[PDB]
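Scroll down for the structure; my scribbles are underneath it.
Positions of Cβ are backbone-derived with ideal geometry, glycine not excepted, and every protein chain shown enters the neighbour counts. No lab work stands behind these numbers, since they all come straight from the coordinates.
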Amino acid sequence: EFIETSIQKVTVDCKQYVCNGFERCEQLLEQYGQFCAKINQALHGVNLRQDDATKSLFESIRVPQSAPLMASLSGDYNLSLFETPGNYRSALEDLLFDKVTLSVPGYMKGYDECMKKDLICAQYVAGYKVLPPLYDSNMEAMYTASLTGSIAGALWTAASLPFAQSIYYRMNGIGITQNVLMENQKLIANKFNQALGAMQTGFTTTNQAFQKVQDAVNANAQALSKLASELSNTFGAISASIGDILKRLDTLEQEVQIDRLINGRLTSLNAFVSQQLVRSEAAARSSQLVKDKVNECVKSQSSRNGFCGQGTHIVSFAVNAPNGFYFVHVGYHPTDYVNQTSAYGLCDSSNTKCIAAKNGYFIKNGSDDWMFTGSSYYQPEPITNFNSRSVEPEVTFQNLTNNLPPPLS
Amino acid sequence: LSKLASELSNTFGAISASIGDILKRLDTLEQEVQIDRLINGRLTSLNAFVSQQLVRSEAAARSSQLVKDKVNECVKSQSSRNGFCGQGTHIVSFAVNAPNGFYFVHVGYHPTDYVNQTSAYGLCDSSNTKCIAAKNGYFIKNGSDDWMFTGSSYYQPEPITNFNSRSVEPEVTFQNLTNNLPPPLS
Amino acid sequence: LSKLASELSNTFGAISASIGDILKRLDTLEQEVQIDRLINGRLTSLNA
Amino acid sequence: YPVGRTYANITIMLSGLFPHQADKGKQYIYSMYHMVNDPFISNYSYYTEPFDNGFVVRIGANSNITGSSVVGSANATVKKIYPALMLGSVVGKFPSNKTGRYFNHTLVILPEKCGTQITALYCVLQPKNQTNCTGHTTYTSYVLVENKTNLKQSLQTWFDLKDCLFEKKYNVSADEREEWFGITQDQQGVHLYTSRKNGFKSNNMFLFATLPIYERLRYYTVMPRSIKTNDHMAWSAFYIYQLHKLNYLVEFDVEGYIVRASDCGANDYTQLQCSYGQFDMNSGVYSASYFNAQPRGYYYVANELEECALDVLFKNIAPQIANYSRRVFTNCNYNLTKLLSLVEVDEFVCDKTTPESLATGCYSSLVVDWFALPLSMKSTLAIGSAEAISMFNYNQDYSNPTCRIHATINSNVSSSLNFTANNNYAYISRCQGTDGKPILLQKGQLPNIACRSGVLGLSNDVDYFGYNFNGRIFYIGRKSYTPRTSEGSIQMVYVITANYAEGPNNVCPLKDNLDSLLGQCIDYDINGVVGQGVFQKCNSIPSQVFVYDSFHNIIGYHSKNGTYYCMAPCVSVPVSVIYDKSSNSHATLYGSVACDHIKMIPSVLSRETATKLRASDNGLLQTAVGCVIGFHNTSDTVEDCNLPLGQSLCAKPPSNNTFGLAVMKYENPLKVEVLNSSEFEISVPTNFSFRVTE
Amino acid sequence: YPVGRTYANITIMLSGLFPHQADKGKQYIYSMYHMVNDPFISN
Amino acid sequence: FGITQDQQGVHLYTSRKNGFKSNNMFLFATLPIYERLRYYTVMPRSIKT
Ligand SMILES: *[C@@H]1O[C@H](CO)[C@@H](O[C@@H]2O[C@H](CO)[C@@H](O[C@@H]3O[C@H](CO)[C@@H](O)[C@H](O)[C@@H]3O)[C@H](O)[C@H]2NC(C)=O)[C@H](O)[C@H]1NC(C)=O
Ligand SMILES: Nc1nc(=O)c2nc(CNc3ccc(C(=O)N[C@@H](CCC(=O)O)C(=O)O)cc3)cnc2[nH]1
Ligand SMILES: *[C@@H]1O[C@H](CO)[C@@H](O[C@@H]2O[C@H](CO)[C@@H](O)[C@H](O)[C@H]2NC(C)=O)[C@H](O)[C@H]1NC(C)=O
Ligand SMILES: *[C@@H]1O[C@H](CO)[C@@H](O[C@@H]2O[C@H](CO)[C@@H](O)[C@H](O)[C@H]2NC(C)=O)[C@H](O)[C@H]1NC(C)=O
Ligand SMILES: *[C@@H]1O[C@H](CO)[C@@H](O[C@@H]2O[C@H](CO)[C@@H](O)[C@H](O)[C@H]2NC(C)=O)[C@H](O)[C@H]1NC(C)=O
Ligand SMILES: *[C@@H]1O[C@H](CO)[C@@H](O)[C@H](O)[C@H]1NC(C)=O
Ligand SMILES: *[C@@H]1O[C@H](CO)[C@@H](O)[C@H](O)[C@H]1NC(C)=O
Ligand SMILES: *[C@@H]1O[C@H](CO)[C@@H](O)[C@H](O)[C@H]1NC(C)=O
Ligand SMILES: *[C@@H]1O[C@H](CO)[C@@H](O)[C@H](O)[C@H]1NC(C)=O
Ligand SMILES: *[C@@H]1O[C@H](CO)[C@@H](O)[C@H](O)[C@H]1NC(C)=O
Ligand SMILES: *[C@@H]1O[C@H](CO)[C@@H](O)[C@H](O)[C@H]1NC(C)=O
Ligand SMILES: *[C@@H]1O[C@H](CO)[C@@H](O)[C@H](O)[C@H]1NC(C)=O
Ligand SMILES: *[C@@H]1O[C@H](CO)[C@@H](O)[C@H](O)[C@H]1NC(C)=O
Ligand SMILES: *[C@@H]1O[C@H](CO)[C@@H](O)[C@H](O)[C@H]1NC(C)=O
Ligand SMILES: *[C@@H]1O[C@H](CO)[C@@H](O)[C@H](O)[C@H]1NC(C)=O
Ligand SMILES: *[C@@H]1O[C@H](CO)[C@@H](O)[C@H](O)[C@H]1NC(C)=O
Ligand SMILES: *[C@@H]1O[C@H](CO)[C@@H](O)[C@H](O)[C@H]1NC(C)=O
Ligand SMILES: *[C@@H]1O[C@H](CO)[C@@H](O)[C@H](O)[C@H]1NC(C)=O
Ligand SMILES: *[C@@H]1O[C@H](CO)[C@@H](O)[C@H](O)[C@H]1NC(C)=O
């Protein structure tokens, strides 16, 4: 699932956009007020707010402790998609930036090939400019790599753990019993690699989340094209070129035609500024969402359904995206269910002390001899003091005397 | 407010920004043409102000929900999540009024100097019958043996005591020791 | 929806809110002039 | 001060006549008599400087100090001396081959009685043929001399006044403070501005005189003045600065006086101030505009072809309106003066064009429709007419730029070139078919052949004649008219339709370099395509000429000689201004452009960056976001940046006076290593400190 | 091809004189003399 | 091949222009016929064997 947390920072030369450097148009524009100063201040304000939002987001993502060798030193968990290997991006970040149809403008010498030889090349004729990002592509990837290397800290109250031990402690708190993990270590790792391989091979036009990454780029491209396409509209005048209006028509009627061009250009610029404000509000909401998603899913385990992906959350990985952040949520999806019955809590007929199930249920194996199983996997076992607690007696508790568990005897 | 107030003086292509001067100077056929282009500018200004007020109302609704979350997670109780309730590790927060909103003063716990140390997942004897784990800390070691316990946010070697170590299940990765075992495990 | 539907009857300074009546009542140049100020109003309504 | 509107305590943009920033002007010095003694002068009667939207004079200044006498070597206290100007419309030469003579009427401004009265007389100065005065073969200069205690009586010695209109006298109180004086000519007359209006407490200038002078002054000179007395006294030097049509950003104070302004094209920081309309700015990277990208040249080329046959309009007989003739002119150059010299035009009706622009301008075709029609029925050709002319004879197509010229040819010219009208003239007054309805005529079409054949067949007027033609019978009507005026002249109507297109635009006006204008903003007029842009020489279909863009923006031009020219808009290179409020220093970012391009467009940049980039080289660094000027590479890494430049790039403000180009470094977290063993290493603190985050 | 303005690599909404889709038109065929005299034509 | 009458005369279009590399048609002639054409017919012909 993908969240878009960055708008396209652009600056528009208002005077060149509206009047194309013609003194007659600039004389007629001054009776519409201080439009260019207001538009310049609005664009500078939204760009400054976007820079502050990026700084705050990356300061929230930053983790004080990380293990850079954890993603490479692991068991059968093929974690090479998020492994940092020139380019400091991981395999998934490179895959996201390569499979998307994004035209990155030349920030260092892009004027030399746009001219002297396309929204990255139409900015030098339409009088706008896409500002470069606040952080380099490498520097953002080091933040993402440090976050990925810090995933396997100790969940309880820093501490560096192997990835296998960390997913073991996550699935133990899921509800799967102690003895199941030791008997299915190989099967669990082989099941993890199958899901990651399926997510690797699904990068096509079939998954909706990558299509969101494409729609963000398409929205930015449509906004820039809509900004640049009003230089050809006449808006009812003889032509869209101010010089042709000045050459063809007399002084009294040039005012009418130039004014009806000016109103169209003003409407286009104001519509662009309002769109940038709405997109800035969306980016602020999505930035708060990304902060919450990172700090909860990537740095801990979720106790709430739906958030941190569907199913029941185990581990999440956050990587960079062309316009935002990309999250990979690994969940626990059970397949086959077995119907059973259990009790709120069992105890002897005297009701002196009574116990309750901890992270599971007290199932019955036959007509008697109550056992304990995990809440997420079926594995009956004798009741032990480390999987039950002493609680208050209740009137709905089961009364048993034939076979007493060692907490009850 | 300045954008709303300073566009009364814009002629918007007319001969003047005053309706009375247009009515006095011009005939009844061109009066419509000039007054209409003043009117269009005024309507554009009012519609722009209303749309801007709608977007600012959206921002105010989102920030009001944010302030409710900040108060109920920072001020009335301390928060267990990082980044939220200020940077660092949250301890206490104060909320005061601001001109257009609310001001929050978050006080955090910021460590300065660190000491490297080694610890263990658990701690029990060679029989591996009952084993313990540290509570709100790690089981540090001061040499060959004699495992001790310190806090997770401050270095202070203390003897292992039953109120700071709960009994847990035995595990295959737990330490085995029989020389100076703590009173929970003796 | 009412704001979308009720701004089709505004003339926006034209002689009528119907294009057919404008084409019936005016010559070519004033047809071009007066239809354009209806068009601007409809574009403003749709963009709003 | 901008006359017409008074402002107070605001900050707006003006577009009046102002001098450019850091203009030294021209400095003039007045001397004394020697130690009989002789005047001492400074060749000031030979220079006829251009007027050029007026000038401004800094009267006084450099005063209250110990100056230097010009004669000999002596020092004395400097005092304020009022200059005496001499303004005229036409120049020439004295009869000594020495310049400085103003023919016709001459506005002469000169002070009276040690600068307590200002006399501005405006009249002709005839030279006086005497020895050593103006108008003789032996002549050096004219000097305006006066003792210590009138200047006009000294002017009577050299020149002889004749036929003199007025003489305005203005009173001025003698002081020693610095005074501003300015002159400006408008349609009302020659306005005069001084800083002594509304009290004398500022350097702003307000209008105090408007002399009626209705022909434009183009030249001005300064009387060489010397005052009869070495170490006695000294006189100040007055400076004259020219007024240019440009923009300031001004700031008014509480009593509505200009206390500070900002020349928009002067610096990069003033381009920032003018682009945002604000004086006091905050630190940050901004986006500036070009306030110095005005065009500085001109270019005009067009295809040269044979002359169009416009002489067919004035031969054979004048056509009837019912049988008018049409000619379409393509692939030829046209001379419309051959049309407009033989006729007396007294009405033109045009849309989407003007007759002034019909003579110039290049089209794709030229459709001319002409017929004979009296001027008394010229309303039948008007738009929306309900007469029989506009529905059966000639309906005008208004979808294209047209000009309907109602012109007459007098009998002398028409008899010279054999233009005659002797047959009957008539128009189709009815064009009904067999069914009872009239056949209306489409826009821009000849009359219906069924009605036109029948109408041209008849010779007498009839309203409901039944014509046969071929097959179906058409009921037609014929009404006659006389196009010849009873004086003898013939009245014609010419309809000229001009078709514009984006193609080759072959038909162009008839008339009887680009390498010198490369790299500057120029006005180009190439094959009927007008606009603004700079030109470079890029590598090269060399027959479609204008290579376009997907947005139909012209990006290059193929010259006729074979070379390929590389145009761009004058404002195309994006400019970011890095301003720091504490240090009050500015630097410039040229984003996304390689740093060889800026060195070949120094004309369109600001007035200070042009002089920095034209004098030698260096100062330009190639970053990952563009070419900066005003930076220096420091190889320093920072963790936070108050002026973020781009891709992990800082800008350290100065504390020469150049910004430091730092990079953002990623502060690595405390690295921990994973465990193979059972034991796992931990990071625990031993010292803390409370920190606040508001 | 729309005269008066050229285009290059762009999808644009045109308007002009064009034939409607899936029109068969009118098919005309020529021949030789019927079988070298008596030429063979249609009406 | 295509024909079209306008206000400036009768235009003639063919696909052989610009090297004859496409099926698009470009203007190659403009006959000075200012009478608006109403009808057209196909003249029969037969080439010798
Ligand atoms: C377009 O047509 C007009 C009119 O035919 C041209 O104006 C003509 O220009 C010639 C060239 O100078 C003039 O001839 C001059 O005649 C005087 C004596 O009359 C002679 O002393 C000069 O040496 C010269 O030969 C002619 O008078 C003038 N005619 C008119 C009516 O103005 C015009 O030149 C044409 N345009 C172009 C670009 O050629
Ligand atoms: N006979 C005589 N006449 C004069 O008018 C005269 N004026 C001066 C004035 N000399 C000076 C010396 C320095 C600067 C000067 O430093 N000006 C700065 C501008 C800054 C400012 O002073 O306001 C400069 O740009 O040079 C000006 C005038 C001296 N002797 C004179 N002697
Ligand atoms: C400008 O001055 C010239 C003379 O330098 C004036 O020309 C004289 O005009 C008068 C009156 O028509 C004639 O009697 C003279 O014969 C002219 N002399 C010469 C040499 O041409 C001219 O009229 C003045 N201009 C104006 C507009 O008055
Ligand atoms: C030369 O000195 C005189 C007086 O010594 C100056 O005149 C004063 O200028 C100030 C400046 O605003 C005024 O406030 C006073 O009212 C003036 N006093 C008089 C008596 O006029 C004069 O400005 C000095 N000149 C220069 C160039 O500084
Ligand atoms: C109506 O006008 C047309 C053209 O303006 C005349 O046609 C010309 O006739 C002369 C002699 O009859 C020919 O030499 C020309 O070649 C014709 N030109 C064209 C374009 O057809 C026609 O004669 C006029 N009708 C009448 C009755 O005078
Ligand atoms: C991990 O997967 C990649 C492709 O998904 C494969 O090339 C690589 O060999 C795998 N590594 C292991 C250890 O299976
Ligand atoms: C268990 O015994 C207690 C006391 O005799 C009684 O209150 C309770 O209802 C019994 N539970 C059941 C499930 O019968
Ligand atoms: C402690 O002893 C048990 C049983 O002998 C063994 O399984 C476990 O691996 C031992 N722990 C270590 C750290 O060797
Ligand atoms: C002039 O403007 C300033 C702010 O720029 C303000 O403080 C001051 O009150 C204004 N003066 C008057 C008389 O209003
Ligand atoms: C002025 O020039 C003319 C010719 O140019 C010459 O005949 C005459 O002698 C010159 N007079 C003086 C004083 O130089
Ligand atoms: C001045 O007068 C002398 C003789 O008196 C004569 O030769 C000369 O031409 C005159 N010059 C002028 C300009 O009248
Ligand atoms: C100055 O005075 C002397 C006599 O006192 C006189 O001859 C001379 O012309 C005067 N200078 C003028 C009027 O310029
Ligand atoms: C100028 O001053 C003189 C004498 O001091 C006086 O007669 C005249 O009226 C004054 N003129 C003005 C306009 O003040
Ligand atoms: C035509 O020329 C003759 C001879 O020059 C002249 O007498 C006659 O007045 C001229 N016609 C007109 C209308 O002036
Ligand atoms: C006018 O016609 C006469 C008749 O012969 C001829 O001599 C003369 O040259 C013609 N003039 C012009 C200008 O065609
Ligand atoms: C034109 O091509 C030549 C051939 O390589 C090259 O040297 C030159 O730099 C090119 N010039 C431009 C402006 O691209
Ligand atoms: C600045 O210097 C460093 C090291 O000397 C170099 O790596 C860097 O590329 C330089 N930057 C520029 C813009 O030249
Ligand atoms: C903690 O650090 C501060 C600042 O480095 C120092 O002044 C203080 O003495 C330190 N306290 C201890 C107990 O080391
Ligand atoms: C437009 O031109 C580019 C480069 O010449 C080409 O790759 C592309 O296929 C063309 N068409 C479209 C629809 O972009």
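Is there a residue in the range D:486-498 that is surrounded by 17 or more Cβ atoms within 10 Å (Cβ to Cβ) and either within 14 Å of chain E (Cβ to nearest Cβ) or within 16 Å of ligand 13 (Cβ to nearest atom) (or both)? Within the range D:486-498, one or more residues are surrounded by 17 or more Cβ atoms within 10 Å (Cβ to Cβ) and either within 14 Å of chain E (Cβ to nearest Cβ) or within 16 Å of ligand 13 (Cβ to nearest atom) (or both).
Taking the range A:226-253 as the range and being crowded, with 19+ Cβ neighbours inside 10 Å and more than 9 Å from every other protein chain (Cβ to nearest Cβ) as the test, the residues that pass are A:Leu227, A:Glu230, A:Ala237, A:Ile245.
Here D:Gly72 does not fit the description of being part of a loop (DSSP other than H, G, I, E, B) and under 30 Å from D:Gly189 (Cβ atoms). Considering A:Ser367, A:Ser390, A:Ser349, A:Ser342, the condition of being more than 16 Å from ligand 13 (Cβ to nearest atom) and either in contact with a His (Cβ under 7 Å, 6 or more places away or on another chain) or in a strand (DSSP E or B) (or both) is satisfied by A:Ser390 alone. Of the residues making up the range A:167-196, just one is within 23 Å of the chain's Cα centre (by Cα) and among the small types (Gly, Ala, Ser), namely A:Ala195. Scanning the range A:225-259 for residues that are out of contact with any helix residue (DSSP H, G or I) (no Cβ under 8 Å at 6 or more places or on another chain) and assigned to a helix (DSSP H, G or I), we see that the one that is farthest from D:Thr402 (Cα to Cα) is A:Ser225.
Within the range D:270-284, being aliphatic (A, V, I, L, M) and more than 11 Å from every other protein chain (Cβ to nearest Cβ) holds for no residue. Part of a loop (DSSP other than H, G, I, E, B) and either surrounded by fewer than 21 Cβ atoms within 10 Å (Cβ to Cβ) or within 7 Å of chain D (Cβ to nearest Cβ) (or both), is that true of A:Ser103? It is true that A:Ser103 is part of a loop (DSSP other than H, G, I, E, B) and either surrounded by fewer than 21 Cβ atoms within 10 Å (Cβ to Cβ) or within 7 Å of chain D (Cβ to nearest Cβ) (or both).
Pick from the range B:1-14 the residues that are loosely packed, with under 14 Cβ neighbours inside 10 Å and part of a loop (DSSP other than H, G, I, E, B): which of them is farthest from the other protein chains (Cβ to nearest Cβ)? Filtering the range B:1-14 for residues that are loosely packed, with under 14 Cβ neighbours inside 10 Å and part of a loop (DSSP other than H, G, I, E, B), the one farthest from the other protein chains (Cβ to nearest Cβ) comes out as B:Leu1. The set of residues from the range B:20-60 being in a helix (DSSP H, G or I), of a type in the set (A, V, I, L, M, F, W, C) and over 30 Å from A:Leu277 (Cα atoms) comprises B:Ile22, B:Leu23, B:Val33, B:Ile35.
Here's the yes/no breakdown for (1) buried (at least 16 other Cβ atoms within 10 Å of the Cβ); (2) within 14 Å of chain A (Cβ to nearest Cβ); (3) hydrophobic (A, V, I, L, M, F, W, C); (4) within 22 Å of A:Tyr17 (Cα to Cα):
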site	(1), (2), (3), (4)
D:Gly265	yes, yes, no, yes
D:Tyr286	yes, yes, no, yes
D:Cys308	yes, no, yes, no
D:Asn323	yes, no, no, no
D:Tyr334	yes, no, no, no
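Return a yes/no flag: does the range D:9-30 have any residue that is closer than 25 Å to D:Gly92 by Cβ and either hydrophobic (A, V, I, L, M, F, W, C) or more than 14 Å from every other protein chain (Cβ to nearest Cβ) (or both). Yes; the residues of the range D:9-30 include at least one that is closer than 25 Å to D:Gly92 by Cβ and either hydrophobic (A, V, I, L, M, F, W, C) or more than 14 Å from every other protein chain (Cβ to nearest Cβ) (or both).
For the residues D:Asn633, D:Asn584, D:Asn561, D:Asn553, the requirement of being more than 35 Å from the chain's Cα centre (by Cα) and either surrounded by fewer than 19 Cβ atoms within 10 Å (Cβ to Cβ) or within 13 Å of another protein chain (Cβ to nearest Cβ) (or both) singles out D:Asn633.
Any chance the range D:470-481 includes a residue that's under 21 Å from D:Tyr324 (Cα atoms) and part of a loop (DSSP other than H, G, I, E, B)? No. For the list (1) in a helix (DSSP H, G or I); (2) touching a helix residue (DSSP H, G or I) at 6+ places or on another chain (Cβ under 8 Å); (3) within 30 Å of B:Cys85 (Cα to Cα), I need the number of the one condition that A:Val63 fails. So A:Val63 meets the others, but not (1). Close contacts from the range D:651-668, counting a first residue that is charged (D, E, K, R) and a second that is in a loop (DSSP other than H, G, I, E, B), with Cβ to Cβ under 8 Å and a gap of 6+ residues or different chains, come to D:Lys665/D:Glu639; D:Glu667/D:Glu639. Within the range D:449-461, not a single residue is surrounded by 21 or more Cβ atoms within 10 Å (Cβ to Cβ) and assigned to a loop (DSSP other than H, G, I, E, B). The set of residues in the range D:389-443 being more than 14 Å from chain C (Cβ to nearest Cβ), aliphatic (A, V, I, L, M) and within 21 Å of D:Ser453 (Cβ to Cβ) consists of D:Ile389, D:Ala426, D:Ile428, D:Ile439, D:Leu440, D:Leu441. Scanning the range D:353-372 for residues being in a loop (DSSP other than H, G, I, E, B) and either within 11 Å of chain A (Cβ to nearest Cβ) or among the aromatic types (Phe, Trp, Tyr) (or both) gives a total of 5. Screening D:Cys570, D:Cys538 for residues that are at the interface with chain A (Cβ under 7 Å from one of its Cβ atoms), in contact with a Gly (Cβ under 7 Å, 6 or more places away or on another chain) and over 24 Å from D:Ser289 (Cα atoms) leaves exactly one candidate, D:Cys538.
Scanning the range D:534-559 for residues that are part of a strand (DSSP E or B) and away from ligand 19 (no atom under 16 Å from the Cβ) yields D:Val534, D:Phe535, D:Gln536, D:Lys537, D:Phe546, D:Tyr557, D:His558. Based on this model, can you work out whether D:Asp636 counts as over 23 Å from A:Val130 (Cβ atoms), part of a loop (DSSP other than H, G, I, E, B) and of a type outside the set (S, T, N, Q)? The answer is no for D:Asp636. Residue check: is B:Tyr121 within 14 Å of chain D (Cβ to nearest Cβ), crowded, with 17+ Cβ neighbours inside 10 Å, closer than 18 Å to A:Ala158 by Cβ and among the hydroxyl-bearing types (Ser, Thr, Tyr)? Criteria met by B:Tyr121. Of all residues in the range D:115-169, those that are part of a loop (DSSP other than H, G, I, E, B) and touching an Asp or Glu at 6+ places or on another chain (Cβ under 8 Å) total 3. Name every residue in the range D:161-186 that is within 16 Å of ligand 11 (Cβ to nearest atom) and among the β-branched types (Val, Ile, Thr), in order of residue number. Within the range D:161-186, no residue meets the criteria. Filter the range D:659-694 for residues that are at the interface with chain B (Cβ under 7 Å from one of its Cβ atoms) and in a loop (DSSP other than H, G, I, E, B); which is nearest to the chain's Cα centre (by Cα)? It comes out as D:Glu694. Scanning the range A:80-99 for residues that are in a loop (DSSP other than H, G, I, E, B), of a type outside the set (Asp, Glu) and surrounded by fewer than 20 Cβ atoms within 10 Å (Cβ to Cβ) yields A:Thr84, A:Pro85, A:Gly86, A:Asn87, A:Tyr88.
The single condition from (1) on the phi < 0 side of the Ramachandran plot; (2) surrounded by fewer than 18 Cβ atoms within 10 Å (Cβ to Cβ) that A:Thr144 fails is (2).
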